[PDB]
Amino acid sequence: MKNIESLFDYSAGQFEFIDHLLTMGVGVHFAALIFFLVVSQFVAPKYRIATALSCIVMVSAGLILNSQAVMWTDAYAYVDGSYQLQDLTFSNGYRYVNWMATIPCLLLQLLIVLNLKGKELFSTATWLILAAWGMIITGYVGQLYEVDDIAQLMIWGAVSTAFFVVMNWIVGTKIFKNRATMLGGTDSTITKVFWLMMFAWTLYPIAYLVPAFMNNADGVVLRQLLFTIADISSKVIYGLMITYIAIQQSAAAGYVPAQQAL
């Protein structure tokens, strides 16, 4: 009842488009899961955790998207020409809770292919995860107010954005100070990964703000469309680039299975 999805009836076209976005998301992540599983054998031990983390992200995101899809069809029934709310079973909050797990995985696989190790890896991962969790938690509290108190959504969103900015500064600083350690030409690739991240992750706060500028049923559809673009870009496309970097550095480091695969 705290999310705008509960306020509207949906046309068949709107309802089925949202359902198809979510189900397509499930298929894309589980298809990618198999790809990451099969190619892990071509990654040197030093980097193989990075590809395993992509497997974990795929199933984590795939399970939440599948949960959202079933919750969506549980919550609404087609009555008198529109889909109308029947049960309080759908909310976006499950995405936020899941981010607590998937964002640390996405960040860790970046740090691994940057060749960080030992105390710097543990220290950098700790500050990044704390910053990320602060961002997620404040965002989560903010969206509890997207119906009742838009001013509170904005203020919690400003606090969240402060964590986001600091997180991105840590990430960017480590990338630009360590890309010279990267093998096989991937010092060039990692810069593109950073820009892909900036683009894809910024779509989430845009989705967060939809209630402020498009509080209607088409805004609900737009938000799910933005989440879909962002999810595929931040998890699947990002994971493919991380895996490419891992295999390329593995080969440059003399790992034979990587050399043959390329």
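What we label the rigid core is the largest C-alpha set whose atoms superpose within 1.5 Å from one form to the other. Residues carry their position along the shown sequence, with the first being 1.
Divergent stretch in 6 other deposited structures of this protein, 178-186 or 82-90 [C-alpha RMS, superposed by the core]: When 82-90 and 178-186 are compared in 6 other deposited structures of this protein, 82-90 lies farther out.
Which has the higher mean CA temperature factor in the PDB entry, 165-173 or 81-89? The deposited B-factors put 81-89 ahead on the C-alpha mean.
Of 24-32 and 223-231, which one has the bigger average CA B-factor? Here the higher of the two C-alpha B-factor means belongs to 24-32.
By the recorded C-alpha temperature factor, relative to the other modelled residues in its chain, which third is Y208 in? Middle third by C-alpha B-factor.
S67: which third of its chain by C-alpha temperature factor? Its C-alpha B-factor belongs to the middle third of this chain's values.
For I242, return the chain-relative third of its C-alpha B-factor as stated in the PDB record: lowest, middle or highest. Its C-alpha B-factor, which the entry lists for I242, ranks in the middle third among residues of this chain.
Ranking every modelled residue in this chain by its Cα temperature factor as given in the entry, which third contains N115? It belongs to the middle third of the chain when residues are ordered by C-alpha B-factor.
Can you work out whether the C-alpha temperature factor of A52 puts it in the lowest, middle or highest third of the chain? Highest third.
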